[PDB]
Structure formats: structure tokens, C-alpha cells
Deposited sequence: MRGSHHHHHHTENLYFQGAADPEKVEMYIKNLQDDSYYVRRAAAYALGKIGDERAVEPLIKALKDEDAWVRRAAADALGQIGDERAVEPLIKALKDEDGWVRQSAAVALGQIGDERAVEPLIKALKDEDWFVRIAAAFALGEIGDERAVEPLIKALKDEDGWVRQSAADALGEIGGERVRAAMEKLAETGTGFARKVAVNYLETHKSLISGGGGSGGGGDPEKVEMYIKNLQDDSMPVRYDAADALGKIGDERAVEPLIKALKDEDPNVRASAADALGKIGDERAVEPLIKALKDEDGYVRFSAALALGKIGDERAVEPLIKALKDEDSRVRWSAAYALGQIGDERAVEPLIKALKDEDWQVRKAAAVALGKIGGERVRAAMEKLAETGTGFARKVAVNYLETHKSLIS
């Protein structure tokens, strides 16, 4: 209930309250705040855009990716840097080619952020550009590419480190020689899913989801029954990104978890998967104790597009929570059947307040 003031305060005329919203959404915000924070990225204030990138990466939702890739071409250097670090933290491979370009950014601190990003994604296409980055004019940029080659650490790395220790000059040489003096991936993380330490399990689920390999499905389904709810919810998100339809049934079981964040993550995942069998259980999740879960239920039913949620969403237009209503209105928009039209005209004439207001609007939008 702190979140919704900030979400609304994201479109406020004042540029001082936009900043405090974005700032706070960086600390508190969750998946509900990405579509708004994605819009915040188009602001006039560079502080609002920056803080919005900062938060999108902290939230870590894949929808922020094509937007943050455009924010990499922002006029403000510190907004470019935020966009780079955020793509870093989301771990989506589509950022790699444009993060490589940012590796030659006019500003030193942007190059550092691009190097770090490329390190954290661990895609191998960055190894050569990263190796070329060791000869950058700025020592700190060179140092950041060193650390990013370390993070990736493939055989492509060791290959380039050998060639450099054999042949290179200056810092690049120093780095390669030290590399030698001190010294596939999916399978390591699947094993880490079964680790005793909780952070190792969590990070494993995080990792497998970003990687997106279908190997990880059956082990992540198992992590849905994890001791710890943070791990439980990470494995659900990861299953959502992977998109493998084998998680559908065990995800429907996560819709009845003790933890609200696991339930929330399970529903968002089922909408991404888009399988019809989530419709019934998601409909029953629009009546949840938790206003986040009720939101995710509407959103996912939006993604799925099945007409059996029309009236449960109409009902959801009168939810106590503001943005659950907003989500249900969006969802009826996506579905958009001949059914939805007829429901909306009834609601135009007989509705009250918010539900009436969006029933009127829907009808205005769908005319030509």
C-alpha cells in the first residue's frame, strides 16, 4: 500500500515528486512497478530516468530490456550507465551486442558499467571486445574489463589470456600473466539447486532462469518445494522465463503456497507460459488475501487472453486495492472479445465510479 502512491506519483507534473517515487520504487518496488517505471524511463528529468533504470534492474524483469537498450543511447551519461548496470543485473543475452557498443562510450564511467554488465551476463561474444578494452586510455576502464573477463572465465578467456601472456604489452599483459599464475556452466547450477546454503540455491535459480536452458526445468520444479520461500519464488520466476510447459501443473500448486510472493511469482510465470489450464486457478486467485497476488492474477489472465476471465475481471474492477482494478481493466483490454464489449456497455450504463469510468473509456477507445 506504500507502492501505489509511488506508482501514481510516477506521472505527477512535478519533477521533484517523480524523483522520490522512482527513488523509493528502487528500494521497495516489485514487478507491478515495471510498466510504469518503463514509462518513467521516457521522462524529462535525467534524475528520474536514471533512478528508473536503477530500479528496473533491481526488480530484474525481462520486460525492461528493449527499453533499457534504448536508454543506453540516452543523452545523459549517468543514465546510460544506469541502463548498462541494469541490463547487467537482468542477465538477458539481448543486451550483449548493444552493451558491446557501450564499451566504446565517450564517457569513462559508462564504459566501466558496460564492462561490468558484460561480465555479469557471462556471454562469450564479449571476450574479444573485452580483451580490446584492456588497452583503453583509462586505467579504471581497463581494470573493469579485467574483472569482467574473470567473471566469464570460459576456455575462450584462457585462450585469449594465453595469447596475451605470450604476446601482449602493458596492463593487458600484466592481467594475462596473473590469470595464468592463479588458474558446462548450467550443470554446475543444477547441482547448486541442491546445496545446503540458501543463497547458493537462490543464486542457482536466478542463474538457470536467465540462462533459459530447458535442462533446468525438472530441477527448478523440484525447487518449487524448497524449504525457503525466496528460493521457491525464484524457481517460479525462472520457470516462467524458460517457458517450458512442464512446469504448468506444479506451478498451479505454487498458487496455493504459504508465501504471497511465491504465489505472486507463480501466477506471473503461468501468464508467461500462457497455458489455458491456469485460467481456472488464476480466477480463484483474484480473491486472494494479498493485493499483490490479486494483481498478478489479473495480469496473467491478461497475458493468457482466455474469455472465461471476463466476468471475474469485471468483478475485479471493484477491488479495494487501486492497482488490482487497474490491472483488471488492462486485462479486459487485452482479451477484448465480443464478450468484453457487451459487458462494458452494461457497465457504462449501470456502473459506479471507477468500473463505470473504465467501461466508458474502453467503449471510447474501441470505436472508429
Checklist entry - When the deposited sequence is counted from residue 1, which ranges lack any model? => result 1-22, 206-221, 407-409
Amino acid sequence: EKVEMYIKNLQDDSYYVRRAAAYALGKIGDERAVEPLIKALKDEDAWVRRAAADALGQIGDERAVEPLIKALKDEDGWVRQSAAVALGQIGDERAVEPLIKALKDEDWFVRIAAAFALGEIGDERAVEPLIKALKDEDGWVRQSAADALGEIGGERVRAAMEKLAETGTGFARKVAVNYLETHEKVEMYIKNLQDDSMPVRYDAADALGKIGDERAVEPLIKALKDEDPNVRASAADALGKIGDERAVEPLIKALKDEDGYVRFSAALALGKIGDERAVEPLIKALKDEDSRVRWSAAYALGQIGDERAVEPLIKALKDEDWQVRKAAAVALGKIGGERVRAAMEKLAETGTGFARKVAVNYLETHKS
From here on, numbers count along this sequence of modelled residues.
Checklist entry - For the stretches 64-72 and 338-346, which has the higher mean C-alpha B-factor as given in the deposited record? => result 338-346
Checklist outcome for this item: Avg C-alpha B-factor, entry values, 41-49 vs 300-308, higher side is 300-308
Checklist entry - Between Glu137, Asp107, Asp226, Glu155, which one tops the list for C-alpha B-factor in the PDB entry? => result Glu155
Checklist outcome for this item: In this crystal structure's PDB entry, the residue among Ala33, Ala55, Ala328, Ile28 with the greatest CA B factor is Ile28
Item to check | Record-listed C-alpha B factor of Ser144: chain third | outcome: middle
Item to check | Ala247 CA temperature factor, ranked by third within the chain | outcome: highest
Item to check | Third of the chain's Cα B-factor distribution that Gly212 belongs to, per the entry | outcome: highest
Next on the checklist: Going by the CA temperature factor in the PDB record, which third of the chain does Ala278 belong to: lowest, middle or highest?
Outcome noted: middle
Next on the checklist: Based on the deposited C-alpha B factors for this chain, I'd like to know if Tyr261 is in the lowest, middle or highest third.
Outcome noted: middle
